Amino acid sequence: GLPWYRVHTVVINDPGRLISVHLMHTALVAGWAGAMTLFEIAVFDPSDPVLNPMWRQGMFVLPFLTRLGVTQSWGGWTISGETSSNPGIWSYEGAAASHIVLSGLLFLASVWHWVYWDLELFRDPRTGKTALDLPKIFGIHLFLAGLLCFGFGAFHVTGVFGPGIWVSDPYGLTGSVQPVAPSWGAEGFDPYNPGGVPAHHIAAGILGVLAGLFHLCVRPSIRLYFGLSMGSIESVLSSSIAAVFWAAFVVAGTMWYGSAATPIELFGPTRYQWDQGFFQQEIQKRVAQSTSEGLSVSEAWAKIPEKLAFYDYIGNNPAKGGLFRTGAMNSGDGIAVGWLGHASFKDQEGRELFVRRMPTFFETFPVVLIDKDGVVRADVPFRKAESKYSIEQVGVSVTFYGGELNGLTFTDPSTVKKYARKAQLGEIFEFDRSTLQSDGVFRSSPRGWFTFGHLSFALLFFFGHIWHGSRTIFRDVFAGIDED
Amino acid sequence: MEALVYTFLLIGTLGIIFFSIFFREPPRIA
Amino acid sequence: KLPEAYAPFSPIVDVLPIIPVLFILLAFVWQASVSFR
Amino acid sequence: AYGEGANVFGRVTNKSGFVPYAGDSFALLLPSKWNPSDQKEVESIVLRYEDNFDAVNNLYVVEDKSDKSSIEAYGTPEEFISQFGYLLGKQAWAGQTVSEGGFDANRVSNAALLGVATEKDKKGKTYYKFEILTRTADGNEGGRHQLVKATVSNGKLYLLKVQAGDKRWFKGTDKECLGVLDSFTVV
Amino acid sequence: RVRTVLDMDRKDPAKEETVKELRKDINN
Amino acid sequence: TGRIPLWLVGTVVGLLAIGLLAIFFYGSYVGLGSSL
Amino acid sequence: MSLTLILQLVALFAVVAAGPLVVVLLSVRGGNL
Amino acid sequence: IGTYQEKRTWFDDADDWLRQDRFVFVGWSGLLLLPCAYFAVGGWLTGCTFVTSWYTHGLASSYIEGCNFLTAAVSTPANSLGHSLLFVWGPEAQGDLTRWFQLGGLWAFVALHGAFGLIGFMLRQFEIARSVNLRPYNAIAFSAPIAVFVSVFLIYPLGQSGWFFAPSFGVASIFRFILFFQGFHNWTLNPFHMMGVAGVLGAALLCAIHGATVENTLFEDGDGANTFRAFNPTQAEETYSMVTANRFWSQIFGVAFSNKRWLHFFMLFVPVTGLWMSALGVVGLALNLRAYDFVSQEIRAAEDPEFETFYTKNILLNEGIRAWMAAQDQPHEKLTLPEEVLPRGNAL
Amino acid sequence: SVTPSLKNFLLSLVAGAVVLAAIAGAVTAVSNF
Amino acid sequence: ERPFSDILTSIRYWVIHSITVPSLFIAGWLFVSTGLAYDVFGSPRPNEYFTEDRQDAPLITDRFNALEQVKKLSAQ
Amino acid sequence: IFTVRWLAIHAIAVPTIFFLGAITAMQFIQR
Ligand code: CLA
Ligand code: CLA
Ligand SMILES: C=Cc1c(C)c2cc3nc(c4c5[nH]c(cc6nc(cc1[nH]2)C(C)=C6CC)c(C)c5C(=O)[C@@H]4C(=O)OC)[C@@H](CCC(=O)OC/C=C(\C)CCC[C@H](C)CCC[C@H](C)CCCC(C)C)[C@@H]3C
Ligand SMILES: CCCCCCCCCCCCCCCC(=O)OC[C@H](COP(=O)(O)OC[C@@H](O)CO)OC(=O)CCCCCCCCCCCCCCC
Ligand SMILES: CC1=C(/C=C/C(C)=C/C=C/C(C)=C/C=C/C=C(C)/C=C/C=C(C)/C=C/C2=C(C)CCCC2(C)C)C(C)(C)CCC1
Ligand SMILES: CC1=C(/C=C/C(C)=C/C=C/C(C)=C/C=C/C=C(C)/C=C/C=C(C)/C=C/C2=C(C)CCCC2(C)C)C(C)(C)CCC1
Ligand SMILES: CC1=C(/C=C/C(C)=C/C=C/C(C)=C/C=C/C=C(C)/C=C/C=C(C)/C=C/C2=C(C)CCCC2(C)C)C(C)(C)CCC1
């Protein structure tokens with residue numbers, strides 16, 4: 001009479017059916033990978049890599065497929081924006097079909113390993129009872145894991161046999177799948193240095209092999225064997241749950257903060273690029289350099305790439321989103337069509353005014369136009385009676401350099417107020433919202449959703465470590481206690 | 001149509017409460 | 001204020017009102033004196 | 001200093017509530033609880049302080065060159081205060097309204113001149129003093145009291161303006177505002 | 001040639017939290 | 001160890017604690033933190 | 001320091017000690033508590 | 001151990017000493033709990049007594065500055081330090097203990113020592129339960145406070161721009177944190193704080209109801225009007241009538257417990273689940289995945305200038321909180337907002 | 001070494017090792033009495 | 001372990017502690033009064049919150065060199 | 001004596017009395 005929450009304990013003491021259920025979970029995961037890839041390819045728009053990349057459309061597995069080398073498709077389109085001459089069998093559709101067929105094969109193998117559960121391999125040769133030599137199993141599977149880690153690091157990513165991984169410029173303007181040379185110096189521990197990824201996966205992998213050869217040759221000591229409850233599968237479950245939630249915390253942190261393994265051309269910008277003005281400073285530095293060359297403001301701003309300006313927009317901030325604001329970023333805000341340009345606000349005196357940008361914390365932010373010396377010179381007041389820094393009172397005009405509105409100046413207060421309100425969000429873009437019926441509230445980029453999901457899983461699996469490990473240590477008393 | 005869904009959910013919860021009160025399994029002594 | 005005759009006795013009047021809350025504490029002290037018998 | 005020691009069983013420094021301040025050519029007393037402010041609504045503002053609690057309570061000193069030889073050259077004090085009509089803000093609203101009580105048609109703000117006068121000084125200097133009450137359609141803080149003290153010396157006009165909410169004015173900000181107005185002394 | 005002082009004075013009004021302002025702030 | 005009965009010790013310690021609390025309230029009404 | 005404060009402290013100490021003093025006197029005397 | 005005990009090792013002597021039943025059980029977990037917890041509490045007391053927040057939040061938050069128990073608080077460091085661990089030897093303080101206090105490093109000190117103290121305390125619960133051979137359900141229950149502490153004081157600040165937005169260790173500082181959450185994240189509308197509120201209120205309800213029901217269904221077992229004396233710790237019979245309680249609550253409320261084990265498991269279960277759901281919600285807020293708005297109602301209000309609900313009024317309240325608290329709550333932003341841009345009602 | 005922060009980090013490791021060894025030695029000394 | 005009642009009612013304990021508890025209390029009073037508390041914990045004195053040029057609250061606004069920034073912002 | 005309970009009592013007593021003296025002295029500071 002097992003309660004509904006204990007049913008899957010039936011395979012605790014059955015190695016064969018444990019293999020079967022683990023095969024079934026593996027088959028389900030592979031099937032989900034294939035199906036998700038197929039759905040994403042079906043609903044993906046590859047026409048415009050600029051202003052409409054993958055992270056704008058809510059793609060979740062496309063970033064990873066592109067990160068590890070798969071770029072082309074059988075539909076004739078490349079994620080980089082070129083033409084697919086010969087995508088080969090390793091296109092997105094190829095990966096989806098492969099993971100799907102693997103899921104089916106694992107389903108069949110699960111059926112078999114379930115029917116023929118009573119294999120003599122799982123019998124203890126001496127006693128004849130069913131038993132698993134957990135130290136030796138860990139040694140074998142760790143040796144395999146280390147071998148695979150070294151192989152992936154040395155051949156893949158380095159491009160010796162594999163294709164490499166996604167490497168981009170610091171500002172995410174020109175990124176592509178490239179081979180990576182390992183970084184053997186201290187800079188190999190720079191999180192944003194790509195060269196660490198091969199070298200690590202090499203060196204660590206090597207250690208794994210050696211570690212395997214130890215945990216496969218040397219039997220654990222009796223004191224350690226009974227202390228760590230080696231020989232109980234639930235102890236292994238507790239330790240594995242702990243390790244996996246540790247890894248989940250690490251990956252969530254490394255994606256929220258960004259690293260060489262989570263490029264912004266695949267997951268979108270981080271919130272710390274908006275907070276610290278990572279792109280705004282670069283744009284203004286390029287503009288200033290062009291001006292120092294003698295160019296006018298219009299030419300200097302026309303020289304700015306549209307993708308770089310698009311990164312400098314608060315709508316792409318992963319932290320400007322909602323828990324139930326579902327779907328693609330294009331579903332909340334319209335599909336980007338073009339860059340309006342750069343708005344320069346100037347009072348009737350000629351003093352240049354800058355619009356205070358919305359911080360990541362604020363859902364709504366009042367519009368303030370600030371002097372170069374940090375002195376508020378204009379605003380859109382909430383109380384139009386006896387206002388002091390009104391747009392009409394100060395006489396603010398907005399001139400657009402570059403983009404769609406190039407060399408266009410607006411002086412009517414309504415248009416100036418509208419454009420200042422738009423510019424408080426960063427660079428101003430035109431959005432087509434009729435196509436997807438965008439409501440008008442920002443969604444979160446795929447890196448935000450990934451971080452949220454895997455952080456919640458990390459917490460729940462910390463509770464899993466606690467529970468399954470308590471059950472491990474207190475196995476004798478978890479069938480009941482004999483009073484004191 | 002959302003109001004219909006909300007009303008159905010509330011009615012379902014109230015019906016579950018009614019069944020758990022008046023159609024409960026008797027508490028078996030010993 | 002108090003009539004000018006009673007002006008020097010102002011501190012006593014300023015202290016008086018807290019005695020009622022001292023009585024309950026005295027009851028607790030008395031109970032403790034008998035080991036809370 | 002690091003070895004200065006504490007003020008155990010000591011004495012306070014000052015409890016008057018006002019602290020002195022020396023300007024370019026003027027002296028003033030500011031409320032202790034009022035903090036210095038950075039914003040300059042008028043480019044000629046040379047000093048500004050604001051209340052810590054309610055930012056409506058503030059004051060600022062404006063020093064700007066004047067062609068008039070003396071403050072009397074502006075004319076009557078009422079004419080002078082009519083000259084500076086922009087200090088009371090600007091009505092950005094421009095819609096036809098008649099559904100606001102106590103206001104003329106198409107108006108949402110109104111300034112009432114409670115009184116004007118002329119003051120003296122230890123050197124015989126003449127100061128124009130003004131008290132205004134500005135009300136708005138929303139009645140923000142039940143109106144705002146404005147105290148203005150203006151003088152002309154050495155070819156420059158000095159104008160101190162103190163603003164206090166009526167809600168704050170009723171419950172004791174009048175003392176601080178009047179102290180600020182009284183302490184304003186120019187060479 | 002870029003005027004770093006003007007660059008910082010442009011970033012500060014739009015965003016005071018910019019890494020341009022905070023870097024070598026005590027030097028200013 | 002029967003000398004100095006425990007109730008007397010408790011009463012004296014409680015009196016000292018109440019006195020300390022009263023001193024803290026007094027300091028709340030004067031000096032630093034008194035809003036004047 | 002203030003004379004009023006001195007007298008207040010004296011009166012407070014007297015009234016506070018009044019209760020414990022009578023309790024102690026009755027305990028040492030043997031009165032029925 | 002199992003086949004034989006082999007020879008006694010120095011680990012055996014250490015275990016025997018640490019596992020003695022003295023007044024304060026130290027155990028192996030004590031070596032991590034006692035120093036860490038002691039330093040955390042002592043650091044909080046020193047900070048609330050002597051350390052100030054004038055350079056971190058521009059606020060006076062110590063006793064020596066004139067603050068009381070309510071307003072004193074070990075404030076979190078400046079936002080410009082980001083998520084720096086603020087080691088006293090680190091590149092920020094560079095060894096200057098006084099300046100390390102001034103920079104706000106005491107907050108990081110207290111937070112990290114408190115986290116390791118909580119780890120040590122759950123380890124202590126496990127060790128003590130194993131010593132007396134009991135199922136360690138109280139450690140499993142204590143996992144919920146650890147989840148809350150981790151999600152609020154560690155995960156949330158790491159999701160934001162720095163430690164500055166963590167809760168400062170204090171009473172009024174915690175109240176500021178709560179109001180900040182209401183204003184910015186609209187935390188009340190989040191279904192996970194809803195589940196946490198339900199869990200905590202239900203746990204309080206269960207505590208009160210179980211206590212009252214037991215105290216009001218007691219068997220006589222004595223002749224004194226003081227029912228507390230009529231109990232022996234070693235007695236086997238139950239001190240209260242389960243049948244009477246079940247009948248009473250069945251006829252009063254409609255349903256009633258009939259199993260003591262299930263009743264006490266439910267008492268354990270409700271608050272833990274509530275706190276865990278609240279922790280998940282706080283993680284979501286750490287990523288700014290806030291349940292801020294119902295887009296349908298916002299769109300309807302935008303199209304219909306006369307549609308109003310309590311939700312829209314709450315949104316207006318949040319807007320007011322944000323606008324009027326931003327200038328002084330986040331000094332690093334340098335928000336010199338003129339009084340005309342702050343949202344405001346009529347005549348207030 | 002090269003960086004002052006690295007020297008401070010290494011000294012922090014040394015100090016933590018010192019305090020950890022102090023705790024271990026204290027427990028050993030009290031266990032053997 | 002002796003019961004707490006025996007120790008707290010023992011005259012020896014009180015004669016031992018009657019010169020140490022006041023000693024600790026007086027040590028704390030001296031620590032506050034002699035200005036040592038401000039000196040070691042860095043909390044500014046009531047006349048040291050604002051300097052000649054800094055008439056507002058300080059702001060750290062720097063990750064590294066924060067030692068120099070807080071040193072120049074603090075009372076000299 | 002100097003037992004574990006002695007250390008546990010005196011680790012929370014001596015600092016407590018020192019801080020009580022410090023706070024009492026703070027109560028008599030004039031700004
Ligand atoms: C890979 C990790 C892992 C593994 C292999 C196990 C394995 C096991 N767990 Mg454990 N557990 C884990 C993680 C894991 N757990 C975590 C992270 C938590 C914290 C939430 C728990 C908390 C937990 C408790 C409280 C209990 C177990 C129990 C058990 C045993 C019986 C499970 C069962 O039959 O329930 C049956 C499951 C169902 C009937 C379906 C429930 C449906 C859930 C609520 C939602 C469906 C999830 C969805 C379909 C898949 C998405 C999950 C994925 C994205 C992670 C079993 C050996 C039980 C036990 O101790 O055995 C005596 C038990 O009491 N686990
Ligand atoms: C951790 C894994 C993960 C992550 C990070 C993502 C992330 C994403 N997915 Mg995805 N997905 C996943 C797993 C994941 N998915 C799985 C396992 C499936 C198979 C079912 C799918 C199937 C799927 C589809 C079909 C689509 C996406 C889409 C998206 C993107 C839209 C954002 C979003 O999710 O909306 C918001 C997410 C939520 C609101 C979920 C909130 C979680 C709550 C708290 C659960 C609580 C449930 C509650 C207890 C039960 C009561 C609810 C009841 C009334 C119904 C986004 C980047 C969309 C897209 O962009 O198209 C390309 C899209 O259409 N996903
Ligand atoms: C504010 C609420 C709150 C507080 C203060 C609290 C406090 C406590 N809970 C304990 C236990 C528990 N709490 C439990 C469930 C819960 N506890 C809850 C809520 C609380 N529990 C809730 C809601 C639940 C339901 C899930 C369980 C199941 C247990 C126990 O088994 C245990 C116990 O025995 O209780 C009797 C005690 C053991 C802690 C200890 O010594 O750690 C060791 C000391 C440490 C770690 C040092 C503290 C450092 C902390 C983490 C950071 C620094 C904090 C400052 C020093 C103080 C700042 C104060 C300001 C913020 C105001 C402690 C008294
Ligand atoms: C006169 C006033 C009438 C109104 C009272 C309404 C009574 C509500 C009873 C419903 C309980 C549902 C669970 C049935 C399951 C059930 O009750 O089984 C009866 C169960 C007793 O069963 P046992 O003691 O035999 O449990 C042991 C089992 O594991 C097998 O031995 O009681 C409880 O579990 C705790 C009582 C419920 C605690 C209160 C429930 C609170 C939920 C409130 C829902 C709010 C909805 C609002 C509307 C949208
Ligand atoms: C048999 C076989 C085959 C195959 C077939 C197929 C076609 C397969 C596929 C299959 C599939 C197609 C699979 C899929 C699956 C899916 C999954 C497994 C998923 C699920 C989901 C989930 C679990 C989720 C949950 C949730 C929600 C709903 C909400 C939020 C939260 C979460 C996310 C948690 C072949 C031919 C090879 C041959 C051989 C045999
Ligand atoms: C009118 C008048 C008078 C007065 C009279 C009277 C009536 C007095 C009273 C007196 C009293 C009547 C006193 C008492 C006091 C009390 C006390 C001083 C107590 C204390 C206590 C404590 C501090 C604590 C306790 C505790 C508890 C609570 C619990 C248990 C334990 C213990 C015991 C520890 C005279 C003469 C001046 C003259 C003039 C007029
Ligand atoms: C931070 C740091 C440290 C540590 C330190 C410590 C650990 C300290 C301790 C401290 C402490 C340990 C303190 C204590 C305090 C206490 C107090 C301050 C007291 C309180 C109490 C009260 C205030 C009372 C109240 C009341 C009355 C009056 C009446 C009746 C009722 C009652 C009893 C409640 C080290 C070395 C690592 C270095 C680095 C830095």
# chains A, B, ... in the order shown; residues from 1 in each chain; ligands from 1
>>> residues_around(residues="segment 135-142 of chain A", least_positions_apart="3", cutoff="10 Å", atoms="only C-alpha atoms", output="short mmCIF file (atom, residue, chain, number, x, y, z; two decimals) with C-alpha atoms, in the first residue's frame")
data_model
loop_
_atom_site.label_atom_id
_atom_site.label_comp_id
_atom_site.auth_asym_id
_atom_site.auth_seq_id
_atom_site.Cartn_x
_atom_site.Cartn_y
_atom_site.Cartn_z
CA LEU A 132 25.64 -3.00 -6.91
CA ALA A 145 32.80 11.30 -18.01
CA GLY A 146 36.41 12.48 -17.84
CA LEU A 147 37.24 10.85 -21.16
CA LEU A 148 34.29 12.64 -22.77
CA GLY A 208 38.82 13.04 -14.29
CA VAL A 209 40.47 10.13 -16.05
CA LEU A 210 43.08 9.90 -13.31
CA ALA A 211 40.38 10.36 -10.69
CA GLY A 212 38.47 7.54 -12.33
CA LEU A 213 41.52 5.32 -12.24
CA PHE A 214 41.63 5.92 -8.51
CA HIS A 215 37.98 5.52 -7.65
CA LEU A 216 38.05 2.33 -9.75
CA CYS A 217 41.19 0.78 -8.31
CA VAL A 218 41.26 1.68 -4.65
CA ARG A 219 38.44 0.37 -2.50
CA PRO A 220 37.06 2.78 0.12
CA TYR A 225 32.49 3.16 3.75
CA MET A 230 28.45 3.74 0.53
CA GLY A 231 26.47 0.73 -0.62
CA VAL A 236 24.41 8.30 -4.10
#
>>> residues_around(residues="segment 24-28 of chain G", least_positions_apart="2", cutoff="10 Å", atoms="only C-alpha atoms", output="list in words")
residues 30, 33 and 34 of chain C; 8 of chain F; 19, 20, 21, 22, 30, 31, 32 and 33 of chain G
>>> write_last_selection(atoms="N, CA and C atoms", output="CSV table (one decimal), in the first residue's frame")
chain,number,residue,atom,x,y,z
C,30,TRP,N,6.7,39.3,46.9
C,30,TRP,CA,6.2,38.5,48.1
C,30,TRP,C,6.0,37.1,47.7
C,33,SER,N,9.3,35.5,47.7
C,33,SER,CA,9.9,35.3,49.0
C,33,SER,C,9.5,34.0,49.6
C,34,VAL,N,8.3,33.5,49.3
C,34,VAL,CA,7.8,32.2,49.8
C,34,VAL,C,8.1,31.1,48.8
F,8,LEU,N,16.0,37.3,46.9
F,8,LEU,CA,16.7,38.6,47.1
F,8,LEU,C,17.6,38.9,45.9
G,19,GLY,N,8.8,48.6,49.8
G,19,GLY,CA,8.2,47.2,49.7
G,19,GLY,C,9.1,46.1,50.0
G,20,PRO,N,10.2,46.0,49.3
G,20,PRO,CA,11.2,45.0,49.6
G,20,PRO,C,11.7,45.1,51.0
G,21,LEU,N,11.8,46.3,51.6
G,21,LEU,CA,12.2,46.4,53.0
G,21,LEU,C,11.2,45.7,53.9
G,22,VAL,N,9.9,45.9,53.8
G,22,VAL,CA,9.0,45.3,54.7
G,22,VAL,C,8.9,43.8,54.4
G,30,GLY,N,10.1,36.4,60.9
G,30,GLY,CA,9.3,35.2,60.9
G,30,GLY,C,7.8,35.4,60.7
G,31,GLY,N,7.4,36.5,60.3
G,31,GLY,CA,6.0,36.7,60.1
G,31,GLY,C,5.4,35.8,59.0
G,32,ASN,N,4.1,35.6,59.1
G,32,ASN,CA,3.5,34.7,58.1
G,32,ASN,C,3.3,35.3,56.8
G,33,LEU,N,4.0,34.9,55.8
G,33,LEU,CA,3.9,35.5,54.5
G,33,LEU,C,3.2,34.5,53.5
>>> atom_distance(atom1="atom 57 (C, counted along the ligand's line) of ligand 3", atom2="atom CA of residue 49 of chain H")
13.0 Å
>>> residues_around(residues="residue 340 of chain A", least_positions_apart="3", cutoff="7 Å", atoms="only C-alpha atoms", output="JSON, numbers by chain")
{"A": [403, 404, 405, 428, 429, 430]}
>>> write_last_selection(atoms="N, CA, C and O atoms", output="compact mmCIF listing (two decimals), in the first residue's frame")
# COMPACT_ATOMS: atom_id res chain seq x y z
N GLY A 403 19.87 57.39 -38.57
CA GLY A 403 18.64 56.63 -38.53
C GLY A 403 17.62 57.10 -39.56
O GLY A 403 17.94 57.77 -40.54
N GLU A 404 16.36 56.75 -39.30
CA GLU A 404 15.28 57.13 -40.21
C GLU A 404 15.11 58.64 -40.25
O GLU A 404 15.07 59.25 -41.32
N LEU A 405 14.99 59.26 -39.08
CA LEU A 405 14.88 60.71 -38.98
C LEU A 405 16.29 61.26 -38.88
O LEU A 405 16.88 61.33 -37.81
N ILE A 428 16.01 55.15 -29.60
CA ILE A 428 14.63 55.15 -30.07
C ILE A 428 14.55 54.34 -31.35
O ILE A 428 15.31 54.58 -32.30
N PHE A 429 13.62 53.40 -31.40
CA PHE A 429 13.42 52.54 -32.55
C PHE A 429 11.95 52.56 -32.96
O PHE A 429 11.07 52.87 -32.16
N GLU A 430 11.72 52.22 -34.22
CA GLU A 430 10.37 52.04 -34.73
C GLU A 430 9.98 50.58 -34.58
O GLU A 430 10.77 49.69 -34.88
>>> closest_atom_pairs(of="chain K", to="chain H", cutoff="8 Å", atoms="only C-alpha atoms", output="tab-separated table")
residue	atom	partner	partner_atom	distance
K:4	CA	H:24	CA	7.5
K:5	CA	H:23	CA	6.3
K:8	CA	H:24	CA	7.8
K:19	CA	H:49	CA	8.0
K:23	CA	H:63	CA	7.2
K:26	CA	H:64	CA	6.0
>>> residues_near_ligand(ligand="ligand 1", cutoff="6 Å", atoms="only C-alpha atoms and all ligand atoms", output="number ranges by chain")
A: 4-9, 241, 460-461, 463-464
>>> write_last_selection(atoms="N, CA, C and O atoms", output="PDB file, in the first residue's frame")
ATOM      1  N   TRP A   4       0.869   7.690  -2.864  1.00  0.00           N
ATOM      2  CA  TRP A   4       1.139   8.157  -4.217  1.00  0.00           C
ATOM      3  C   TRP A   4       2.523   8.768  -4.358  1.00  0.00           C
ATOM      4  O   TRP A   4       3.069   8.776  -5.464  1.00  0.00           O
ATOM      5  N   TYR A   5       3.105   9.272  -3.276  1.00  0.00           N
ATOM      6  CA  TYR A   5       4.416   9.901  -3.337  1.00  0.00           C
ATOM      7  C   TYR A   5       5.558   8.926  -3.099  1.00  0.00           C
ATOM      8  O   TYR A   5       6.714   9.353  -3.063  1.00  0.00           O
ATOM      9  N   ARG A   6       5.271   7.637  -2.934  1.00  0.00           N
ATOM     10  CA  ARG A   6       6.311   6.637  -2.751  1.00  0.00           C
ATOM     11  C   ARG A   6       6.327   5.576  -3.836  1.00  0.00           C
ATOM     12  O   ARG A   6       7.135   4.645  -3.750  1.00  0.00           O
ATOM     13  N   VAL A   7       5.470   5.686  -4.851  1.00  0.00           N
ATOM     14  CA  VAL A   7       5.316   4.603  -5.818  1.00  0.00           C
ATOM     15  C   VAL A   7       6.640   4.303  -6.505  1.00  0.00           C
ATOM     16  O   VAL A   7       7.070   3.147  -6.588  1.00  0.00           O
ATOM     17  N   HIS A   8       7.326   5.332  -6.957  1.00  0.00           N
ATOM     18  CA  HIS A   8       8.551   5.070  -7.691  1.00  0.00           C
ATOM     19  C   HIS A   8       9.666   4.562  -6.812  1.00  0.00           C
ATOM     20  O   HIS A   8      10.789   4.434  -7.298  1.00  0.00           O
ATOM     21  N   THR A   9       9.410   4.260  -5.541  1.00  0.00           N
ATOM     22  CA  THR A   9      10.378   3.531  -4.737  1.00  0.00           C
ATOM     23  C   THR A   9      10.400   2.045  -5.056  1.00  0.00           C
ATOM     24  O   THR A   9      11.288   1.342  -4.564  1.00  0.00           O
ATOM     25  N   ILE A 241      22.255  14.789  -6.074  1.00  0.00           N
ATOM     26  CA  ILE A 241      21.348  15.929  -6.019  1.00  0.00           C
ATOM     27  C   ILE A 241      22.097  17.170  -5.567  1.00  0.00           C
ATOM     28  O   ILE A 241      21.918  18.264  -6.121  1.00  0.00           O
ATOM     29  N   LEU A 460      14.894  24.049  -5.167  1.00  0.00           N
ATOM     30  CA  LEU A 460      14.139  22.826  -4.925  1.00  0.00           C
ATOM     31  C   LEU A 460      15.072  21.636  -4.761  1.00  0.00           C
ATOM     32  O   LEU A 460      14.836  20.756  -3.928  1.00  0.00           O
ATOM     33  N   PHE A 461      16.158  21.603  -5.521  1.00  0.00           N
ATOM     34  CA  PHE A 461      17.087  20.498  -5.386  1.00  0.00           C
ATOM     35  C   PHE A 461      17.980  20.626  -4.165  1.00  0.00           C
ATOM     36  O   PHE A 461      18.508  19.615  -3.702  1.00  0.00           O
ATOM     37  N   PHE A 463      16.556  21.446  -1.344  1.00  0.00           N
ATOM     38  CA  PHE A 463      15.658  20.689  -0.474  1.00  0.00           C
ATOM     39  C   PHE A 463      15.740  19.199  -0.763  1.00  0.00           C
ATOM     40  O   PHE A 463      15.599  18.380   0.147  1.00  0.00           O
ATOM     41  N   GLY A 464      15.942  18.830  -2.026  1.00  0.00           N
ATOM     42  CA  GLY A 464      16.116  17.424  -2.355  1.00  0.00           C
ATOM     43  C   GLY A 464      17.347  16.814  -1.708  1.00  0.00           C
ATOM     44  O   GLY A 464      17.296  15.697  -1.191  1.00  0.00           O
TER      45      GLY A 464
END
>>> residues_around(residues="residue 21 of chain J", least_positions_apart="4", cutoff="10 Å", atoms="only C-alpha atoms", output="VMD selection string")
(chain J and resid 14 16 to 17 25 to 27) or (chain K and resid 13 to 14 17 to 18)
>>> select_by_dssp(residues="segment 55-179 of chain A", states="strand (DSSP E or B)", output="count of residues only")
12
>>> residues_near_ligand(ligand="ligand 2", cutoff="8 Å", atoms="only C-alpha atoms and all ligand atoms", output="MDAnalysis selection string")
chainID A and resid 32 36 39:40 43:44 55 57:60 323:328 443:454
>>> residues_near_ligand(ligand="ligand 7", cutoff="9 Å", atoms="only C-alpha atoms and all ligand atoms", output="PyMOL selection string")
(chain F and resi 14+16-24) or (chain H and resi 35+37-49+69+88+97+101+106+109-110) or (chain K and resi 11-23)
>>> residues_near_ligand(ligand="ligand 4", cutoff="7 Å", atoms="only C-alpha atoms and all ligand atoms", output="list in words")
residues 10, 13, 14, 17, 20, 21 and 27 of chain B; 252, 253, 254, 255, 256, 257, 258, 259, 262 and 263 of chain H
>>> select_by_dssp(residues="chain K", states="helix (DSSP H, G or I)", output="list in words")
residues 4, 5, 6, 7, 8, 9, 10, 11, 14, 15, 16, 17, 18, 19, 20, 21, 22, 23, 24, 25 and 26 of chain K
>>> residues_near_ligand(ligand="ligand 3", cutoff="7 Å", atoms="only C-alpha atoms and all ligand atoms", output="list in words")
residues 33, 37, 38, 40, 41, 44, 110, 111, 113, 114, 115, 116, 117, 118, 121, 138, 139, 141, 142, 144, 145, 169, 170, 171, 174, 200, 271, 272 and 275 of chain H
>>> residues_near_ligand(ligand="ligand 6", cutoff="6 Å", atoms="only C-alpha atoms and all ligand atoms", output="ChimeraX atom specification")
/C:19,22-23,25-26,28-29,32 /F:7,10-11,14-15 /G:15-20
>>> residues_near_ligand(ligand="ligand 5", cutoff="7 Å", atoms="only C-alpha atoms and all ligand atoms", output="number ranges by chain")
A: 28-29, 31-32, 35, 100-105, 107-108
>>> closest_atom_pairs(of="chain D", to="chain K", cutoff="6 Å", atoms="only C-alpha atoms", output="tab-separated table")
residue	atom	partner	partner_atom	distance
D:7	CA	K:29	CA	5.3
D:8	CA	K:29	CA	4.5
D:9	CA	K:28	CA	6.0
D:10	CA	K:30	CA	5.7
D:11	CA	K:30	CA	5.7
D:12	CA	K:31	CA	5.4
